[PDB]
Amino acid sequence: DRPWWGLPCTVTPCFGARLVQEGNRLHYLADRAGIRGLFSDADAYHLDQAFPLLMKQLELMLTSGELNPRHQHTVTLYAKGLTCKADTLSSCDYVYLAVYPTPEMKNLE
Ligand SMILES: [Cl-]
Ligand SMILES: [Mg+2]
C-alpha cells in the first residue's frame, strides 16, 4: 500500500505531504502525499480549497523565518474546520505537513 509522507500524526482521517523546500519556495508533489482514512465530503472540499492558501502561508513563514529548515519547530495553521501542522523537522530539504479535521471537544459540546 502507500507509505506516509506527512508530519507524524495519529489523527484520522489525515492528509499528509512532504513539500520540497527550495529557498522560500515550497513545491507540492502528489506522489509525496496521501490520505489516511476517509474525509467527509465537506472536509475534503475545504482541504482542497484551502491548500493553495496553506502553501502560501507556509512560504510566508519561510521568508519571515518562522519556519526554519535547520530547526525542528511545529507551526499551526487553520482552515474551515481543519487544523494544519507543518515542520521542516530540521531537514534542510522539506516541510512536512499534516492536515486533519479539527477535533471536536466532545466533553464540552
Ligand atoms: Cl505518523
Ligand atoms: Mg520547523
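Residues numbered from 1 in each chain as written, not as in the entry; some residues may be left out. Chains lettered and ligands numbered in written order. Heavy atoms only, no water.

Method of determination, as given in the entry header: X-ray crystallography; reported resolution: 2.100 Å.

Caption draft 1: The arrangement of the packing of aromatic side chains in detail. Enumeration over the complete set of coordinates arrives at four aromatic pairs. Here the aromatic rings of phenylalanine 15 and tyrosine 28 are separated by 6.5 Å at their centres, their planes lie at 45 degrees, and the arrangement is tilted. Placement of the pair is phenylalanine 15 in strand 1 (residues 14–22) and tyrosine 28 in the loop between strand 2 (25–27) and strand 3 (33–36), with a sequence separation of 13 residues. Residue classification places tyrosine 28 among the partly exposed residues on the basis of a relative accessible area of 36%. With a centroid separation of 5.7 Å and an interplanar angle of 85 degrees, the aromatic rings of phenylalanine 15 and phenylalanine 51 are classed as edge-to-face. Here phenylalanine 15 is found in strand 1, whereas its partner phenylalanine 51 is found in helix 1 (residues 41–64), with 36 residues between them in sequence. Classification of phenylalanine 51 as buried rests on a relative accessible area of 14%. Counting every residue linked through ring pairs, the aromatic cluster contains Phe15, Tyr28 and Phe51. Taking the ring centre of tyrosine 94 as reference, the NZ or CZ of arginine 18 above it sits at 4.1 Å. Geometry around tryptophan 4 places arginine 36 over its ring, the cationic atom sitting 3.8 Å from the centre. (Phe/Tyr/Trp six-rings, centres within 6.5 Å; stacked < 30°, edge-to-face > 60°. Helix = DSSP H or I, 4+ residues; strand = E, 2+ residues; numbered from the N terminus. Buried < 20%, exposed > 50% of the residue type's maximum accessible area, 1.4 Å probe, protein only. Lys NZ or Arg CZ within 6 Å of the ring centre and 35° of its normal.)

Caption draft 2: Representation of the environment of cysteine 84 in the model. The residue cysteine 84 is located in strand 5 (residues 82–87) in this model. For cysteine 84, a relative accessible area of 2% corresponds to the buried category. Residues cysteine 84 and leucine 54 lie 30 residues apart in sequence; the distance between their C-alpha atoms is 8.1 Å. Other than its neighbours up to four places away in sequence, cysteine 84 contacts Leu54, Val75, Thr76, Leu77, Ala98 and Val99. (Contact = heavy atoms within 4.5 Å.)

Caption draft 3: Expanded view of the coordination of the magnesium ion (ligand 2). Summarising the metal site, the magnesium ion (ligand 2) is bound by the protein donors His73 (O) and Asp87 (OD), whose distances to it range over 2.7 to 2.8 Å. Here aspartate 87 lies in strand 5 and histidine 73 lies in the loop between helix 1 and strand 4 (75–79), a separation of 14 residues in the sequence. With a relative accessible area of 41%, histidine 73 lands in the partly exposed category. Owing to a relative accessible area of 0%, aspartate 87 belongs among the buried residues under this scheme. (Donors = N, O, S within 2.8 Å, 3.2 Å for Na, K, Ca; no water.)

Caption draft 4: The state of the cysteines, seen in detail. For the coordinates displayed, the defined rule picks out zero disulfides. With no disulfide partner, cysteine 84 has as its closest neighbouring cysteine sulfur the one in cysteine 14, 9.3 Å distant. (Disulfide = S-S within 2.5 Å.)

Caption draft 5: A look at the UniProt feature "binding site: Mg(2+)" in the chain. UniProt tags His71, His73 and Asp87 as "binding site: Mg(2+)". The greatest C-alpha distance among the residues just named is 8.6 Å, despite their covering 17 residues of sequence, which places them together in space. Looking at the element boundaries, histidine 71 is found in the loop between helix 1 and strand 4. Once you skip the residues sitting within four places of it in the chain, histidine 71 turns out to touch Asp87, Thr88, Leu89 and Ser90. (UniProt positions renumbered as here; feature names shortened; annotations may be inferred.)

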